[PDB]
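K.L.:
part one of the complex, untouched from its place in the assembly:
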Amino acid sequence: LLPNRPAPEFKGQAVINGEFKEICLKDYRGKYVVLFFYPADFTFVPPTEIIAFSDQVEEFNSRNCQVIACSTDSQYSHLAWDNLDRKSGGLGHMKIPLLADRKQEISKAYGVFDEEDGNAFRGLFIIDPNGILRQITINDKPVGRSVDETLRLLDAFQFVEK
Amino acid sequence: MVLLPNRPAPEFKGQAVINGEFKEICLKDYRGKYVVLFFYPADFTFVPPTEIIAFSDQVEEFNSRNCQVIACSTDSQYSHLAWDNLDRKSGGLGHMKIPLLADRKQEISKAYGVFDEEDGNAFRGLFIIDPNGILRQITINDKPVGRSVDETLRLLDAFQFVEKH
Amino acid sequence: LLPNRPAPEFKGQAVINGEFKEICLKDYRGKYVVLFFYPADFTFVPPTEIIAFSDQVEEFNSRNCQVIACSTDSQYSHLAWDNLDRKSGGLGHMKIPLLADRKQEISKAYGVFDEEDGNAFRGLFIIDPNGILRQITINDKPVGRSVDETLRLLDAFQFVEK
Amino acid sequence: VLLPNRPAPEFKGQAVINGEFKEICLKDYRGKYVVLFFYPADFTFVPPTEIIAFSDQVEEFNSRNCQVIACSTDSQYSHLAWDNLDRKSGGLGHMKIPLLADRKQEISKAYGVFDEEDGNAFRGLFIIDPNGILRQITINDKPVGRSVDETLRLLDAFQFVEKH
Amino acid sequence: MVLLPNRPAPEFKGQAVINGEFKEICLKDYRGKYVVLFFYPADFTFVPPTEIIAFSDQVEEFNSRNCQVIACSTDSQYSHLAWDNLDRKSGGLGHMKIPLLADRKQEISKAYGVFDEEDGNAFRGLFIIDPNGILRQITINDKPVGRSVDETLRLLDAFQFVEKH
């Protein structure tokens, strides 16, 4: 894995605002892509920083968009996190698709998923509009992803590409 | 392709959700007793999965021959508990005294031989084992069909009666 | 095995109402099937499996499901166990095809057979009109299966399909 | 590879002697010459029962060691149930000879017998010595029989030649 | 391992003899006639007899039944000629009117599966073949015993009766 190449991308089903739509990277290219993984769902109190990405869409959208989220939790769990409200738990709602990744292949491609914990690590890899992977980053379990740095790397890449 | 009964039972490791607390479970952690390891594909569903809780409510009856009815999915633990917390009306199972297991690291499912590989889930089977760790019965179903508790009770009574008799 | 992939096609020599008939899997098609195993011929007293399906066969054919009784015993042996009478400790006159696996093929194909005892244990399989495996059941040597659940599985598979 | 003057393709199986069931091992008949003959199936379509002739000649065999070792690829139950039927009504009536079951087709695959194509064994008559060594091989495939006279003759010819 | 009947018979060709000739004589030469192939360990071996002459004098019985009797040893051609031309008294044969075959390079013996590794001579077996190039009957003995012509005639009668009648 080096950050220049098309990514062994993915095939899957996702949750887009209540509706189930199966997506593949190829449905995107000609547009910038970014993909964040993040651990299993429905965990207790802790920040669930993923929601930060849903409300922050427009900032991502100045060029292109659709940061996705993969988990071994597949369909139903992602739908259940997408529907239920912030007060109780999970994403109050999301204008972004949550990936399936039930078969872990999406994870097994990208170099994530420490084998013994039954799930993946954190996210945020970047893919150019021609489908080439510009950036790789992985975080350990007890930490979150930063929203600002993704936009900084993204914009810097917009300036270096142009 | 598959494995034969009367052979030792396929070992498993995982953690599950008991009466609301947590429990590390291994085949070895519980055997004085015949067990029912019946599977089910995933957490939640669009559809009304009304066979879910059905095995759980009768377990006291299963325990008279020293037995227990366990369920498992390849979905995560937190997902199992969050599914446990829902109401029958709302489509979730009620609060049960039976655990529900999880692979996620692909352990319990791959041992017993159930998988579609496409849905990353179990093929919804039911196995029966003896207290000495050898497998009494294998059954596997398809996704939409369920297992019957009565037939399970018949299999249990017939298999339990033969041991020392 | 698994309830998805195509069924382990077989060519046996069966007993239909006394006469030898070579059958494929494919020749019996468009109406489900139950492929069921039993360990041996001339088992001491009980014909208490086998014939259980024969008296209940009306119920199986009304749902279109056929019934295949198999053993690793030969043709001739099946005819000889069939020709004996129930009172005398025999299958009596059988109105269902007795398959006769003969040598090792069909039993281990379907995945049961035996190592030490060279006989299948006890199977019950369900197949659909297009030849793919619907349901697998195996019990053990000493105990058997009940017919009602087989009928329930059949109806459950039929009502869900359309 | 199976030839004469070789250790015997040992077996066990379960058998039927005079109506009962006894697990037998070749070694129980050690110290004696053996004549092992195979027959394709139990309860065969073709009616003629003729093999029972070897059972009728057993006195002659008892005059010199052995036993007739009637094993076939058929199972235990088939041999016992065909044994329980009578010669008159067809099928082997009763026997002063050991009937062994090959079943899982261990012994047949051992001896070089057991035609794979119809899944039934061939005619397997062979002779062995008291030392567990194979003296004689014969096959004469299914649609024919073995002669008892030639077997006892072969035995007699075989007994006088080793010491002198 | 062992040769199964109803299976095609292993072909053989060589330099042997017939009545003092050294002709070809390959299995393919009959095809439509029964053959009986019987082995014997060596030339100039027992001396007398050895019992092979039993097959030599009654060949008419085989020929009226449509058959051919081939004798064979791992010994050379000239050796076969020298043992055949020799006299009954001195232990030489009776000038066989049937071809006795000599595999010097073996492989005729090893094909049919009769080869003694301990010595390097044959194990003295008896095979019967079909008119269609298919193997019918196999019999093998040990070194010191022998073979009977009557039983062979019995097998012939039975196989011809099943073939034609």
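P.N.:
Noted; the coordinates are in hand. Numbering: from 1, shown residues only, chains lettered A, B, ... in the order given.
K.L.:
Going by C-alpha atoms from here, please, whenever you check contacts or count neighbours.
P.N.:
Noted.
K.L.:
measure the closest residue to chain B within chain A to chain C for me?
P.N.:
Nearest residue of chain A to chain B: residue A:118, at 3.7 Å (Cα to the nearest Cα). The span separating residue A:118 from chain C equals 24 Å under the rule Cα to the nearest Cα, to the nearest Å.
K.L.:
Likewise for residue A:110?
P.N.:
Taken as Cα to the nearest Cα, the span from residue A:110 to chain C is 30 Å.
K.L.:
tally of neighbours for the residue nearest to that residue when sequence neighbours are not counted?
P.N.:
If you skip the residues right next to it in sequence, residue A:110 has residue A:8 as its closest partner in space, 7.1 Å away by Cα to Cα, 6 or more residues apart in numbering or on different chains. Residues near residue A:8, counting by other Cα atoms under 10 Å in any protein chain shown, number 14.
K.L.:
Let me see the contact set for the residue of chain A at minimum distance from chain C.
P.N.:
The nearest approach of chain A to chain C comes at residue A:103, 17.2 Å away (Cα to the nearest Cα). Under the criterion of Cα atoms under 8 Å, 6 or more residues apart in numbering or on different chains, the contact partners of residue A:103 comprise A:72, B:117-120.
K.L.:
Further, place chain F onto the existing structure:
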Amino acid sequence: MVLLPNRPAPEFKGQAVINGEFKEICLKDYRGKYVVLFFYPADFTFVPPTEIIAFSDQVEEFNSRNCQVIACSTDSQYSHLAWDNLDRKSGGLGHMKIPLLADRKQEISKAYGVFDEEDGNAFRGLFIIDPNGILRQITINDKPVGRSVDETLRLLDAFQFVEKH
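P.N.:
With chain F now in place:
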């Protein structure tokens, strides 16, 4: 493919450049403190790696919280010092107090999952590790960017924040 930020780390030796001094800098010499290892493609490449030299001035901030700040180009040692010998304005590194490490033999680069095969190239490497041999975080961003000095402190403080409490 790449490794994972959980299991231990691919230890290293090399020599160094620290304040002009080498001292061989073995991984084991760096125990007891968090480390941030950052890679860059070449020496005297000053046109794109502007600001990479700017990394030298904020290191105190890294050191007060107990950390290393060490880096490398996977290029030559003496070359790191000789590039370190010029002034920022004059087209030089000025003088950096960060340990500059150099694996001439491209070992460390291939270990960490960097080193683009076609041209000897560390893209831009950045790893974070805990005081004993374990890797906390990985990031690599292609050719052009110089990452950021600021965000790494956020990652460091957060990583200290979850274990400390």
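K.L.:
Which single residue of chain A ends up nearest chain D?
P.N.:
In chain A, no residue comes nearer to chain D than residue A:103, which is 40.9 Å away by Cα to the nearest Cα.
K.L.:
in the longest helix belonging to chain A, what's buried?
P.N.:
Scanning chain A for the helix with the most residues, using DSSP state H, yields helix A:147-161. Across helix A:147-161, burial judged by 16 or more other Cα atoms under 10 Å in any protein chain shown covers A:150, A:153-154, A:156-157.
K.L.:
what sits up against it?
P.N.:
For helix A:147-161, the external contacting residues (Cα under 8 Å, 6+ apart) are A:52-53, A:59-60, A:124, F:144-145, F:147, F:151.
K.L.:
what's the most distant pair in those?
P.N.:
For the contacts of helix A:147-161, the maximum inter-member distance is 27.4 Å, found between A:52 and F:144 (Cα to Cα).
K.L.:
Show me what from chain A comes close to chain F.
P.N.:
Those residues of chain A that sit near chain F, judged by Cα under 8 Å from any Cα of the partner chain, are A:1-4, A:111-112, A:114, A:134-140, A:142-143, A:149, A:153, A:156-157, A:160.
K.L.:
Also, this goes in as chain G:
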Amino acid sequence: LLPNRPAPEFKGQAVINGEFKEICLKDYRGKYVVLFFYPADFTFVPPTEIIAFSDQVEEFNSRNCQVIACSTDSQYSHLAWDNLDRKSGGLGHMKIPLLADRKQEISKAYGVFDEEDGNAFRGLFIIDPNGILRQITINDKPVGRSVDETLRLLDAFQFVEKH
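P.N.:
Adding chain G to what we have so far:
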């Protein structure tokens, strides 16, 4: 590396006199090449042998040869030793092609290389226009050969072709 067999190919960054370039052996036909190897940049030696040779090139290039140079180091770095003053720690401004292999390709190709210090041993090869090198030479690290003798062996190879 047999002298009677064709020479291992090379293409690379060049840094011809004063600036930069990209060069391959194949560009040279009817004219020789001299392949020069040497350890890393800016460490210690007043000649690397680069000085005695490159300053004396009038005799070396007149014989149809090139002599170039090669080391394992970054592209910019060869230019950087080229860029500094004769005194102090720089070589001076060298007029000659510098072959920069950071991927160790060319070094490991001619077989002059080691993974210990990741550098190359100082070698000298001579190459004919038909790709037949006729001579192989390698020294150790602390020692050089000489400016004169390489040229002597060279002359021996140059006068001999058709005569």
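K.L.:
what do you get for the contacts of residue A:103 once chain G is counted?
P.N.:
Listed by Cα under 8 Å, 6+ apart, the contact partners of residue A:103 are A:72, B:117-120.
K.L.:
Can you report how many residues neighbour residue A:115?
P.N.:
Here the count is done by other Cα under 10 Å, and residue A:115 has 12 residues near it.
K.L.:
could you measure it against chain E, distance?
P.N.:
Counting by Cα to the nearest Cα, the gap from residue A:115 to chain E is 50 Å.
K.L.:
and if you look at residue A:6?
P.N.:
58 Å.
K.L.:
Torsion angles phi and psi at the closest residue in space to residue A:37 that isn't next to it in sequence?
P.N.:
On the basis of Cα to Cα, 6+ apart, the spatially nearest residue to residue A:37 that is not a chain neighbour turns out to be residue A:123, at 4.1 Å. Main-chain torsions, residue A:123, degrees, to the nearest 10: phi -100, psi -140.
K.L.:
There's contact between residue A:123 and residue A:143 in this structure, I believe.
P.N.:
No - here residue A:123 does not reach residue A:143: they are 11.1 Å apart, not a contact under Cα atoms under 8 Å.
K.L.:
Looking at these two, which is more packed in?
P.N.:
When residue A:123 and residue A:143 are compared on other Cα under 10 Å, the one with more neighbours turns out to be residue A:123, at 24 against 20.
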